[PDB]
>>> print(open('structure_3.txt').read())   # compact mmCIF, C-alpha atoms and all ligand atoms
# COMPACT_ATOMS: atom_id res chain seq x y z
CA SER A 5 12.16 96.53 172.18
CA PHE A 6 13.20 100.14 171.11
CA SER A 7 16.92 100.51 170.35
CA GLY A 8 19.32 103.35 169.55
CA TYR A 9 17.29 106.04 171.33
CA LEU A 10 18.84 109.00 173.10
CA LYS A 11 17.20 109.64 176.51
CA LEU A 12 15.98 113.25 176.87
CA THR A 13 14.09 112.97 180.16
CA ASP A 14 12.87 110.19 182.56
CA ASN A 15 10.14 109.27 180.00
CA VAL A 16 11.01 110.89 176.64
CA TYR A 17 13.42 109.24 174.15
CA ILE A 18 14.41 110.32 170.62
CA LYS A 19 15.96 108.71 167.54
CA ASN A 20 16.71 109.82 163.97
CA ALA A 21 14.48 107.25 162.26
CA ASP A 22 11.72 106.71 159.74
CA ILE A 23 8.64 106.04 161.96
CA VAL A 24 7.32 103.46 159.38
CA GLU A 25 10.62 101.53 159.46
CA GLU A 26 10.75 101.89 163.23
CA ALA A 27 7.16 100.60 163.60
CA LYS A 28 7.77 97.65 161.15
CA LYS A 29 10.90 96.73 163.22
CA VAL A 30 9.60 97.14 166.81
CA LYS A 31 5.88 96.35 166.23
CA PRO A 32 5.00 98.65 169.23
CA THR A 33 1.71 98.39 171.13
CA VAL A 34 0.94 101.95 169.94
CA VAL A 35 2.17 103.92 166.97
CA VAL A 36 1.04 107.57 166.90
CA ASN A 37 -0.17 109.02 163.62
CA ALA A 38 0.06 112.76 162.88
CA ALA A 39 -3.58 112.85 161.78
CA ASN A 40 -5.95 115.56 160.56
CA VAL A 41 -9.61 115.80 161.83
CA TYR A 42 -10.84 113.95 158.74
CA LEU A 43 -8.34 111.07 159.08
CA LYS A 44 -7.33 111.75 155.42
CA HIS A 45 -3.78 110.27 155.45
CA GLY A 46 -2.43 112.06 152.40
CA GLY A 47 1.05 113.27 153.28
CA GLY A 48 3.76 113.49 155.92
CA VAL A 49 3.74 110.80 158.61
CA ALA A 50 0.05 109.97 157.90
CA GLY A 51 0.64 109.34 154.19
CA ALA A 52 3.71 107.24 154.96
CA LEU A 53 1.96 105.13 157.68
CA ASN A 54 -1.12 104.65 155.49
CA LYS A 55 0.98 103.63 152.44
CA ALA A 56 2.80 101.01 154.67
CA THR A 57 -0.63 99.50 155.52
CA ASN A 58 -1.43 99.16 151.73
CA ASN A 59 -4.25 101.76 152.35
CA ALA A 60 -5.97 99.57 155.00
CA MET A 61 -5.49 102.41 157.53
CA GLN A 62 -7.43 104.80 155.16
CA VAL A 63 -10.25 102.29 154.59
CA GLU A 64 -10.64 101.81 158.33
CA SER A 65 -10.41 105.61 158.92
CA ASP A 66 -13.11 106.40 156.36
CA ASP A 67 -15.48 103.91 158.07
CA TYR A 68 -14.61 105.55 161.45
CA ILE A 69 -15.38 109.07 160.07
CA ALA A 70 -18.60 107.86 158.38
CA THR A 71 -19.78 106.60 161.80
CA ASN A 72 -18.36 109.21 164.19
CA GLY A 73 -17.72 112.39 162.25
CA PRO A 74 -14.42 114.27 162.36
CA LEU A 75 -12.07 114.44 165.34
CA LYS A 76 -11.41 117.74 167.16
CA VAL A 77 -8.05 119.55 166.70
CA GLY A 78 -6.14 118.39 169.86
CA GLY A 79 -8.20 115.16 169.92
CA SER A 80 -7.52 111.53 169.09
CA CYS A 81 -8.94 108.12 168.35
CA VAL A 82 -7.56 104.60 168.75
CA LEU A 83 -7.77 102.46 165.63
CA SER A 84 -5.89 99.33 164.44
CA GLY A 85 -2.15 99.51 163.93
CA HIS A 86 -2.50 97.08 160.98
CA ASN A 87 0.98 95.64 160.07
CA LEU A 88 2.76 98.46 162.01
CA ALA A 89 1.56 98.25 165.61
CA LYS A 90 -1.20 96.69 167.79
CA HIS A 91 -2.97 100.10 167.72
CA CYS A 92 -2.64 103.40 165.98
CA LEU A 93 -3.37 106.45 168.09
CA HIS A 94 -4.47 109.07 165.54
CA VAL A 95 -3.65 112.40 167.20
CA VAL A 96 -4.63 115.74 165.66
CA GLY A 97 -2.11 118.44 166.40
CA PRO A 98 -2.87 122.01 165.25
CA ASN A 99 -1.90 122.72 161.64
CA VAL A 100 -0.27 126.19 161.71
CA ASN A 101 -0.56 126.25 157.84
CA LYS A 102 -4.40 126.18 158.39
CA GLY A 103 -4.26 128.94 161.10
CA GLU A 104 -5.09 126.45 163.87
CA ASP A 105 -4.43 127.42 167.45
CA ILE A 106 -0.84 126.36 168.47
CA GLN A 107 -2.03 126.40 172.15
CA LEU A 108 -3.91 123.13 171.11
CA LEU A 109 -0.54 121.32 170.84
CA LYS A 110 -0.51 120.63 174.61
CA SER A 111 -4.07 119.15 174.37
CA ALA A 112 -2.89 116.97 171.47
CA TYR A 113 0.08 115.62 173.53
CA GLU A 114 -2.24 114.90 176.49
CA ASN A 115 -3.71 112.07 174.40
CA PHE A 116 -0.36 110.22 174.80
CA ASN A 117 -0.93 109.96 178.59
CA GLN A 118 -3.66 107.36 178.02
CA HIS A 119 -0.99 104.86 176.78
CA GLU A 120 1.91 103.45 178.83
CA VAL A 121 4.34 103.42 175.90
CA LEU A 122 4.17 104.89 172.41
CA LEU A 123 6.22 105.18 169.22
CA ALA A 124 5.47 108.75 167.97
CA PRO A 125 6.41 111.62 165.69
CA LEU A 126 6.70 115.25 166.93
CA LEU A 127 3.13 116.59 166.77
CA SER A 128 2.41 119.60 164.49
CA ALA A 129 6.00 119.37 163.11
CA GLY A 130 6.77 118.83 159.37
CA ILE A 131 3.94 119.68 157.00
CA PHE A 132 1.79 120.83 160.01
CA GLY A 133 4.01 123.98 160.15
CA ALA A 134 4.83 124.31 163.84
CA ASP A 135 8.36 124.79 165.22
CA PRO A 136 9.66 121.25 165.99
CA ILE A 137 11.82 122.62 168.87
CA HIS A 138 8.57 124.00 170.42
CA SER A 139 6.80 120.63 169.77
CA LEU A 140 9.56 118.68 171.60
CA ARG A 141 9.35 121.13 174.55
CA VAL A 142 5.55 120.68 174.76
CA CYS A 143 6.05 116.90 174.48
CA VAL A 144 8.51 116.62 177.42
CA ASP A 145 6.39 119.10 179.54
CA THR A 146 3.06 117.29 178.83
CA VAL A 147 3.67 113.58 178.27
CA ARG A 148 4.24 111.52 181.46
CA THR A 149 4.09 108.08 179.78
CA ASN A 150 7.05 106.54 177.88
CA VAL A 151 7.33 108.17 174.43
CA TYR A 152 9.85 107.12 171.79
CA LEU A 153 10.09 109.92 169.25
CA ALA A 154 11.09 109.10 165.68
CA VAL A 155 12.47 112.20 163.86
CA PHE A 156 12.89 111.45 160.16
CA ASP A 157 15.04 114.41 159.22
CA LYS A 158 18.76 113.94 160.37
CA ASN A 159 19.48 117.69 160.32
CA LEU A 160 16.34 118.40 162.39
CA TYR A 161 17.21 115.52 164.78
CA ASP A 162 20.69 117.04 165.39
CA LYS A 163 19.19 120.51 165.86
CA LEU A 164 16.61 119.13 168.36
CA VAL A 165 19.21 117.24 170.44
CA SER A 166 21.84 120.02 170.42
CA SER A 167 19.25 122.67 171.47
CA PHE A 168 17.42 120.58 174.11
CA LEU A 169 17.23 122.36 177.42
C1 LIG B 201 8.72 108.60 155.75
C2 LIG B 201 8.48 109.60 156.84
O1 LIG B 201 8.02 110.72 156.62
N1 LIG B 201 8.80 109.19 158.10
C3 LIG B 201 8.79 109.96 159.24
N2 LIG B 201 9.19 109.47 160.39
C4 LIG B 201 9.12 110.45 161.37
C5 LIG B 201 8.69 111.67 160.97
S1 LIG B 201 8.33 111.64 159.28
>>> encode(input="structure_3.txt", output="structure tokens")
Amino acid sequence: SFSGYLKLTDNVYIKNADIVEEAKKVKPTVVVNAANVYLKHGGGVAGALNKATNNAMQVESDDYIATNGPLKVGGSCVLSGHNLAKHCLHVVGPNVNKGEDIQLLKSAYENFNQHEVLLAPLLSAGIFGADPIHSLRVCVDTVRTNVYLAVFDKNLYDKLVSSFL
């Protein structure tokens, strides 16, 4: 199972780790992707997860979008986890760099409550432009299921742990 995580609350855990390396190691039931509404996995966590699947995640995503249309900001879809997990929960957090409503971050984290345990990144953090300290706060105040957060950046991980209320 998950190892080396620091417990933040009854159900939220955090580790300074590469989510791709963490997923390849643990092979969780659910890995969360920091997706956009188009499921175009170009950069950040999405680009890294997609590259680990040898682009199979993008091929599957394009078929999903061709059939269903784009997701909503704050929404999600369950697709295959390929070589990383049983499933990938593609969750769309608001992209602050696109002027998307940050109040949608709580709606995005609510998607995690449909899964008993997840390996996940901080939603809307990184290239999505939101404050990662705010994202962690929304995570612990919204998610009731067991979430194992992988924070790639060591300096951000230390800042998140040392500032956690
Ligand atoms: C390679 C890479 O970006 N990994 C990440 N893990 C958690 C957040 S970003």
>>> residues_near_ligand(input="structure_3.txt", ligand="ligand LIG 201 (chain B)", cutoff="12 Å", atoms="all atoms listed in the file", output="NGL selection string")
:A and (18-28 or 35-38 or 45-56 or 123-132 or 136 or 152-158 or 160-161)
>>> atom_distance(input="structure_3.txt", atom1="CA of residue 118 in chain A", atom2="CA of residue 147 in chain A")
9.6 Å
>>> atom_distance(input="structure_3.txt", atom1="CA of residue 113 in chain A", atom2="CA of residue 143 in chain A")
6.2 Å
>>> atom_distance(input="structure_3.txt", atom1="CA of residue 40 in chain A", atom2="CA of residue 80 in chain A")
9.6 Å
>>> residues_around(input="structure_3.txt", residues="residue 82 in chain A", least_positions_apart="5", cutoff="7 Å", atoms="all atoms listed in the file", output="CSV table (one decimal) with C-alpha atoms, in the coordinates of the input")
chain,number,residue,atom,x,y,z
A,91,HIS,CA,-3.0,100.1,167.7
A,92,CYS,CA,-2.6,103.4,166.0
A,93,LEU,CA,-3.4,106.4,168.1
A,94,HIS,CA,-4.5,109.1,165.5
>>> closest_residue(input="structure_3.txt", among="A:122, A:30, A:43, A:142", to="residue 68 in chain A", atoms="only C-alpha atoms")
A:43
>>> residues_around(input="structure_3.txt", residues="range 98-100 of chain A", least_positions_apart="4", cutoff="7 Å", atoms="only C-alpha atoms", output="number ranges by chain")
A: 77-78, 104-106, 108-109, 128, 132-134
>>> residues_around(input="structure_3.txt", residues="residue 13 in chain A", least_positions_apart="6", cutoff="10 Å", atoms="only C-alpha atoms", output="list in words")
residues 144, 145 and 150 of chain A
>>> decode(input="structure_3.txt", residues="range 5-157 of chain A", atoms="C-alpha atoms", output="short mmCIF file (atom, residue, chain, number, x, y, z; two decimals), in the first residue's frame")
data_model
loop_
_atom_site.label_atom_id
_atom_site.label_comp_id
_atom_site.auth_asym_id
_atom_site.auth_seq_id
_atom_site.Cartn_x
_atom_site.Cartn_y
_atom_site.Cartn_z
CA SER A 5 0.00 0.00 0.00
CA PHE A 6 0.93 3.78 0.34
CA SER A 7 4.13 4.40 2.32
CA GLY A 8 6.01 7.42 3.69
CA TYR A 9 2.94 9.65 3.95
CA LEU A 10 2.49 12.27 6.64
CA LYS A 11 -1.05 12.20 8.13
CA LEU A 12 -2.73 15.63 8.01
CA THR A 13 -6.24 14.68 9.12
CA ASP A 14 -8.30 11.45 9.74
CA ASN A 15 -8.51 10.96 5.92
CA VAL A 16 -5.91 13.22 4.23
CA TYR A 17 -2.25 12.14 3.82
CA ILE A 18 0.62 13.90 2.03
CA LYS A 19 4.03 12.96 0.61
CA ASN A 20 6.75 14.74 -1.38
CA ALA A 21 6.59 12.48 -4.43
CA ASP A 22 6.27 12.34 -8.18
CA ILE A 23 2.64 11.17 -8.70
CA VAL A 24 3.72 9.08 -11.79
CA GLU A 25 6.41 7.28 -9.76
CA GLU A 26 3.99 6.92 -6.86
CA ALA A 27 1.28 5.47 -9.15
CA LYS A 28 3.78 3.06 -10.90
CA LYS A 29 4.88 1.86 -7.39
CA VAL A 30 1.52 1.54 -5.58
CA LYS A 31 -0.76 0.77 -8.59
CA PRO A 32 -3.71 2.43 -6.70
CA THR A 33 -7.35 1.71 -7.54
CA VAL A 34 -7.68 5.40 -8.50
CA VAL A 35 -5.12 7.94 -9.62
CA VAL A 36 -6.46 11.49 -9.98
CA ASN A 37 -5.44 13.50 -13.01
CA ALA A 38 -5.34 17.33 -12.96
CA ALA A 39 -7.35 17.50 -16.19
CA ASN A 40 -8.72 20.32 -18.34
CA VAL A 41 -12.29 20.21 -19.83
CA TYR A 42 -10.92 18.94 -23.14
CA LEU A 43 -8.85 16.12 -21.57
CA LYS A 44 -5.81 17.52 -23.49
CA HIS A 45 -2.98 16.17 -21.28
CA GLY A 46 -0.24 18.55 -22.39
CA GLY A 47 1.58 19.68 -19.27
CA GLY A 48 1.84 19.48 -15.50
CA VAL A 49 0.47 16.33 -13.87
CA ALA A 50 -1.68 15.53 -16.96
CA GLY A 51 1.27 15.63 -19.36
CA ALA A 52 3.36 13.52 -16.99
CA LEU A 53 0.60 10.88 -16.42
CA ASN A 54 -0.18 10.73 -20.14
CA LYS A 55 3.52 10.37 -21.10
CA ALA A 56 3.81 7.44 -18.56
CA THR A 57 0.93 5.68 -20.42
CA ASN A 58 2.87 6.05 -23.77
CA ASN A 59 -0.02 8.40 -24.89
CA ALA A 60 -2.70 5.69 -24.36
CA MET A 61 -4.42 8.01 -21.85
CA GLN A 62 -4.67 10.75 -24.59
CA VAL A 63 -6.02 8.30 -27.20
CA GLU A 64 -8.68 7.11 -24.77
CA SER A 65 -9.46 10.73 -23.73
CA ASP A 66 -9.92 11.92 -27.32
CA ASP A 67 -12.42 9.07 -27.95
CA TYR A 68 -14.23 10.07 -24.69
CA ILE A 69 -14.42 13.75 -25.79
CA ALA A 70 -15.53 12.79 -29.34
CA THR A 71 -18.45 10.86 -27.77
CA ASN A 72 -19.34 13.02 -24.75
CA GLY A 73 -18.08 16.53 -25.36
CA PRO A 74 -15.99 18.45 -22.84
CA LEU A 75 -16.21 18.13 -19.07
CA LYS A 76 -17.40 21.04 -16.89
CA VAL A 77 -14.88 23.01 -14.76
CA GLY A 78 -15.35 21.33 -11.31
CA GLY A 79 -16.43 18.09 -13.03
CA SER A 80 -14.85 14.70 -13.62
CA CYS A 81 -14.91 11.45 -15.53
CA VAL A 82 -13.62 7.96 -14.74
CA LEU A 83 -11.41 6.45 -17.43
CA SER A 84 -8.77 3.66 -17.42
CA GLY A 85 -5.69 4.05 -15.26
CA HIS A 86 -3.66 2.21 -17.96
CA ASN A 87 -0.27 1.08 -16.48
CA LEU A 88 -0.63 3.53 -13.52
CA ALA A 89 -3.84 2.61 -11.71
CA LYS A 90 -7.08 0.58 -12.14
CA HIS A 91 -8.86 3.88 -12.97
CA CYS A 92 -7.97 7.47 -13.62
CA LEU A 93 -10.35 10.03 -12.20
CA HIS A 94 -9.89 13.06 -14.48
CA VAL A 95 -10.86 16.03 -12.32
CA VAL A 96 -11.09 19.57 -13.70
CA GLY A 97 -10.10 22.16 -11.14
CA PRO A 98 -10.46 25.86 -12.06
CA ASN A 99 -7.48 27.27 -13.97
CA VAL A 100 -6.83 30.71 -12.41
CA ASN A 101 -4.54 31.49 -15.43
CA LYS A 102 -7.73 31.21 -17.61
CA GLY A 103 -9.81 33.40 -15.20
CA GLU A 104 -11.87 30.41 -14.02
CA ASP A 105 -13.86 30.70 -10.83
CA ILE A 106 -11.70 29.58 -7.82
CA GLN A 107 -15.00 28.88 -5.91
CA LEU A 108 -15.22 25.81 -8.33
CA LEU A 109 -12.26 24.19 -6.49
CA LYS A 110 -14.61 22.80 -3.79
CA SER A 111 -16.87 21.28 -6.52
CA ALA A 112 -13.77 19.73 -8.12
CA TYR A 113 -12.71 18.11 -4.78
CA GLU A 114 -16.26 16.76 -4.26
CA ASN A 115 -15.56 14.34 -7.11
CA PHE A 116 -13.06 12.55 -4.80
CA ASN A 117 -15.91 11.56 -2.44
CA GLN A 118 -17.18 9.03 -5.00
CA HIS A 119 -14.02 6.90 -4.42
CA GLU A 120 -12.99 5.21 -1.15
CA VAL A 121 -9.27 5.81 -1.67
CA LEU A 122 -7.34 7.91 -4.17
CA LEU A 123 -3.77 8.87 -5.10
CA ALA A 124 -4.05 12.59 -6.09
CA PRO A 125 -2.29 15.86 -6.79
CA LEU A 126 -3.43 19.20 -5.24
CA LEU A 127 -6.18 20.44 -7.59
CA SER A 128 -5.68 23.80 -9.38
CA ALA A 129 -2.08 23.94 -8.01
CA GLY A 130 1.03 24.15 -10.31
CA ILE A 131 0.34 25.35 -13.84
CA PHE A 132 -3.40 25.84 -12.93
CA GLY A 133 -2.31 28.97 -10.96
CA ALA A 134 -4.16 28.62 -7.66
CA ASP A 135 -2.51 28.94 -4.24
CA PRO A 136 -1.52 25.36 -3.22
CA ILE A 137 -2.00 26.22 0.50
CA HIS A 138 -5.63 27.18 -0.37
CA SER A 139 -6.01 23.95 -2.44
CA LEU A 140 -4.87 21.77 0.51
CA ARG A 141 -7.32 23.61 2.82
CA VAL A 142 -10.21 23.01 0.39
CA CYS A 143 -9.09 19.37 0.06
CA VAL A 144 -9.14 18.61 3.82
CA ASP A 145 -12.47 20.57 4.26
CA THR A 146 -14.21 18.83 1.30
CA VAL A 147 -12.83 15.31 0.84
CA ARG A 148 -14.18 12.70 3.31
CA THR A 149 -12.69 9.65 1.57
CA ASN A 150 -9.01 8.58 1.97
CA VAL A 151 -6.81 10.85 -0.18
CA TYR A 152 -3.05 10.40 -0.56
CA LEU A 153 -1.63 13.63 -1.92
CA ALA A 154 1.56 13.54 -3.97
CA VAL A 155 3.31 16.97 -4.00
CA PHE A 156 6.15 16.95 -6.53
CA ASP A 157 7.93 20.10 -5.42
#
